[PDB]
């Protein structure tokens with residue numbers, strides 16, 4: 001489905017990036033005005049996108065936030081790692097997140113993790 005949502009995060013990023021590079025060219029000495037307002041525009045851009053990303057921190061993501069409040073869960077031993085195929089099917093579709101992947105690096109995971117609504 002793709003959703004195109006990723007294009008929007010790229011957009012607001014390009015906005016702030018262009019602003020701080022614009023303030024790279026602008027010194028606080030030569031632009032004790034233009035640089036200062038751009039600091040304000042920045043300050044509010046942040047405050048906004050962080051008000052948004054506090055909604056999206058308290059509720060980190062949809063899936064993520066529910067993975068955190070899951071009933072039956074763990075980080076999977078090498079024993080059930082070798083048996084991933086019999087592991088995931090018995091649970092009736094388990095949810096498994098890898099540590100070295102970005103999602104696992106960000107949520108803090110140093111081990112292969114699993115999660116479900118069903119026992120395992």
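Numbering (the deposited numbering), first residue to last: 1 to 120. C-beta atoms are modelled at their ideal positions from N, C-alpha and C, and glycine is treated no differently.
Under a Cβ-count criterion, where at least 16 other Cβ atoms within 10 Å of its own Cβ denotes burial, should residue i be classed as buried or exposed?
i	result
residue 119	exposed
residue 80	buried
Looking only at DSSP bridge pairs, what is residue i linked to?
i	result
residue 104	Beta-bridge pairing links residue 104 to no other residue.
residue 114	74 and 96
So which of the options has the shortest CA-CA distance to residue i?
i	options	result
residue 94	84, 11 and 16	84
residue 40	81, 23 and 55	23
residue 110	59, 35 and 75	75
residue 14	114, 117, 34 and 45	45
residue 104	1, 68, 33 and 18	68
residue 73	19, 88, 60 and 28	88
residue 9	56, 77 and 78	56
Given residue i, which residues of its chain have a CB within under 8 Å of its CB, disregarding the five upstream and five downstream residues?
i	result
residue 90	120
residue 97	67, 103, 104, 107, 109, 112, 113, 114 and 115
residue 20	42
residue 99	105, 109, 110, 111, 112 and 113
Apart from the five residues on each side of it in sequence, which residues of its chain come closer than 6 Å, Cβ to Cβ, to residue i?
i	result
residue 58	none
residue 77	none
Thinking residue i and residue j are a contact (beta carbons under 8 Å), I'd like their distance in whole angstroms, please.
i	j	result
residue 16	residue 42	7 Å
residue 71	residue 117	6 Å
residue 49	residue 12	6 Å
Skipping 5 residues on each side, what residues in its chain have a beta carbon closer than 7 Å to that of residue i?
i	result
residue 64	107
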